[PDB]
Amino acid sequence: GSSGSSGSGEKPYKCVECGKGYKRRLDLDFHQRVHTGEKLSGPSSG
Ligand SMILES: [Zn+2]
């Protein structure tokens, strides 16, 4: 089947890239960052 995670709690703000939901905008505003771009990785596995 194609069931999904039963999310609980409605949020006023919701991302536009993924569609997430944050109680406080500030929180989301910082989330969108992941959609814009973020450099974390670096060293190659070995
Ligand atoms: Zn998002």
# chains A, B, ... in the order shown; residues from 1 in each chain; ligands from 1

call {"tool": "residues_near_ligand", "arguments": {"ligand": "ligand 1", "cutoff": "12 Å", "atoms": "only C-alpha atoms and all ligand atoms", "output": "ChimeraX atom specification"}}
result
/A:13-22,27-37

call {"tool": "select_by_dssp", "arguments": {"residues": "segment 7-43 of chain A", "states": "helix (DSSP H, G or I)", "output": "list in words"}}
result
residues 25, 26, 27, 28, 29, 30, 31, 32, 33, 34, 35 and 36 of chain A

call {"tool": "select_by_dssp", "arguments": {"residues": "chain A", "states": "strand (DSSP E)", "output": "number ranges by chain"}}
result
A: 13-14, 21-22

call {"tool": "write_last_selection", "arguments": {"atoms": "N, CA, C and O atoms", "output": "compact mmCIF listing (two decimals), in the first residue's frame"}}
result
# COMPACT_ATOMS: atom_id res chain seq x y z
N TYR A 13 2.21 28.02 9.44
CA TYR A 13 3.17 28.18 8.35
C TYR A 13 3.56 26.82 7.77
O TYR A 13 3.71 25.84 8.50
N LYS A 14 3.71 26.78 6.45
CA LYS A 14 4.08 25.54 5.77
C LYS A 14 5.05 25.82 4.62
O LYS A 14 4.83 26.74 3.83
N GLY A 21 5.62 21.91 7.97
CA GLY A 21 4.81 22.81 8.77
C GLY A 21 5.47 23.18 10.09
O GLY A 21 5.85 22.30 10.87
N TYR A 22 5.61 24.47 10.33
CA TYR A 22 6.24 24.96 11.56
C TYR A 22 5.30 25.88 12.32
O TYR A 22 4.68 26.78 11.74

call {"tool": "atom_distance", "arguments": {"atom1": "atom CA of residue 23 of chain A", "atom2": "atom CA of residue 11 of chain A"}}
result
5.0 Å

call {"tool": "decode", "arguments": {"residues": "segment 16-46 of chain A", "atoms": "N, CA and C atoms", "output": "mmCIF file, in the first residue's frame"}}
result
data_model
loop_
_atom_site.group_PDB
_atom_site.id
_atom_site.type_symbol
_atom_site.label_atom_id
_atom_site.label_comp_id
_atom_site.auth_asym_id
_atom_site.auth_seq_id
_atom_site.Cartn_x
_atom_site.Cartn_y
_atom_site.Cartn_z
ATOM 1 N N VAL A 16 7.121 25.627 1.095
ATOM 2 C CA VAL A 16 6.618 25.576 -0.273
ATOM 3 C C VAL A 16 7.419 24.593 -1.118
ATOM 4 N N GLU A 17 8.633 24.289 -0.670
ATOM 5 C CA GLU A 17 9.500 23.360 -1.385
ATOM 6 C C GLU A 17 9.088 21.915 -1.118
ATOM 7 N N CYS A 18 8.923 21.579 0.157
ATOM 8 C CA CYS A 18 8.531 20.230 0.548
ATOM 9 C C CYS A 18 7.086 20.203 1.037
ATOM 10 N N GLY A 19 6.701 21.234 1.783
ATOM 11 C CA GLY A 19 5.348 21.310 2.302
ATOM 12 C C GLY A 19 5.284 21.062 3.796
ATOM 13 N N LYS A 20 6.423 21.200 4.466
ATOM 14 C CA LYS A 20 6.494 20.988 5.906
ATOM 15 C C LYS A 20 5.594 21.975 6.646
ATOM 16 N N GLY A 21 5.624 21.914 7.974
ATOM 17 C CA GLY A 21 4.808 22.807 8.775
ATOM 18 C C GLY A 21 5.469 23.176 10.088
ATOM 19 N N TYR A 22 5.614 24.473 10.332
ATOM 20 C CA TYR A 22 6.239 24.956 11.558
ATOM 21 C C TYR A 22 5.299 25.884 12.320
ATOM 22 N N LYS A 23 5.197 25.669 13.627
ATOM 23 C CA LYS A 23 4.334 26.487 14.472
ATOM 24 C C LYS A 23 4.721 27.960 14.381
ATOM 25 N N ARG A 24 6.022 28.224 14.336
ATOM 26 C CA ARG A 24 6.522 29.590 14.249
ATOM 27 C C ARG A 24 7.290 29.805 12.947
ATOM 28 N N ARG A 25 6.933 30.861 12.223
ATOM 29 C CA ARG A 25 7.585 31.176 10.959
ATOM 30 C C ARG A 25 9.103 31.116 11.100
ATOM 31 N N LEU A 26 9.638 31.903 12.028
ATOM 32 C CA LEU A 26 11.077 31.939 12.264
ATOM 33 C C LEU A 26 11.699 30.564 12.048
ATOM 34 N N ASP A 27 11.093 29.545 12.647
ATOM 35 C CA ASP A 27 11.585 28.179 12.517
ATOM 36 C C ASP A 27 11.663 27.765 11.050
ATOM 37 N N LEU A 28 10.549 27.907 10.341
ATOM 38 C CA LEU A 28 10.489 27.549 8.929
ATOM 39 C C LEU A 28 11.489 28.366 8.117
ATOM 40 N N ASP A 29 11.484 29.677 8.329
ATOM 41 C CA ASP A 29 12.393 30.570 7.620
ATOM 42 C C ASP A 29 13.812 30.011 7.615
ATOM 43 N N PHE A 30 14.186 29.356 8.709
ATOM 44 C CA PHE A 30 15.519 28.774 8.833
ATOM 45 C C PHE A 30 15.584 27.415 8.143
ATOM 46 N N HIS A 31 14.428 26.777 7.994
ATOM 47 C CA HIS A 31 14.353 25.470 7.350
ATOM 48 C C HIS A 31 14.592 25.590 5.848
ATOM 49 N N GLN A 32 13.892 26.526 5.216
ATOM 50 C CA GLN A 32 14.027 26.741 3.780
ATOM 51 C C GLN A 32 15.495 26.736 3.364
ATOM 52 N N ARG A 33 16.375 27.033 4.315
ATOM 53 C CA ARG A 33 17.808 27.063 4.047
ATOM 54 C C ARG A 33 18.261 25.778 3.361
ATOM 55 N N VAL A 34 17.758 24.646 3.845
ATOM 56 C CA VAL A 34 18.109 23.350 3.278
ATOM 57 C C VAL A 34 17.723 23.270 1.806
ATOM 58 N N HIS A 35 16.660 23.981 1.440
ATOM 59 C CA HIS A 35 16.186 23.991 0.061
ATOM 60 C C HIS A 35 17.044 24.913 -0.802
ATOM 61 N N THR A 36 17.564 25.973 -0.190
ATOM 62 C CA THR A 36 18.400 26.932 -0.902
ATOM 63 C C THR A 36 19.780 26.351 -1.188
ATOM 64 N N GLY A 37 20.432 25.844 -0.147
ATOM 65 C CA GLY A 37 21.753 25.265 -0.309
ATOM 66 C C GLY A 37 22.535 25.231 0.990
ATOM 67 N N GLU A 38 23.204 24.112 1.246
ATOM 68 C CA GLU A 38 23.992 23.956 2.464
ATOM 69 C C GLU A 38 25.147 22.983 2.245
ATOM 70 N N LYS A 39 26.355 23.422 2.584
ATOM 71 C CA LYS A 39 27.542 22.592 2.425
ATOM 72 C C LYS A 39 27.926 21.933 3.746
ATOM 73 N N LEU A 40 27.704 20.626 3.836
ATOM 74 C CA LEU A 40 28.029 19.876 5.045
ATOM 75 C C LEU A 40 29.108 18.834 4.768
ATOM 76 N N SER A 41 28.822 17.928 3.838
ATOM 77 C CA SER A 41 29.766 16.877 3.478
ATOM 78 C C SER A 41 31.101 17.472 3.042
ATOM 79 N N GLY A 42 32.110 16.616 2.911
ATOM 80 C CA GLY A 42 33.424 17.075 2.501
ATOM 81 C C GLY A 42 34.388 15.930 2.257
ATOM 82 N N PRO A 43 34.769 15.233 3.338
ATOM 83 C CA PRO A 43 35.697 14.100 3.263
ATOM 84 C C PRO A 43 35.076 12.887 2.579
ATOM 85 N N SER A 44 35.845 12.253 1.698
ATOM 86 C CA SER A 44 35.368 11.081 0.973
ATOM 87 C C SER A 44 35.524 9.819 1.817
ATOM 88 N N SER A 45 34.502 8.970 1.795
ATOM 89 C CA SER A 45 34.522 7.730 2.562
ATOM 90 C C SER A 45 35.787 6.930 2.266
ATOM 91 N N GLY A 46 36.140 6.033 3.182
ATOM 92 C CA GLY A 46 37.327 5.217 3.002
ATOM 93 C C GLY A 46 37.363 4.030 3.945
#
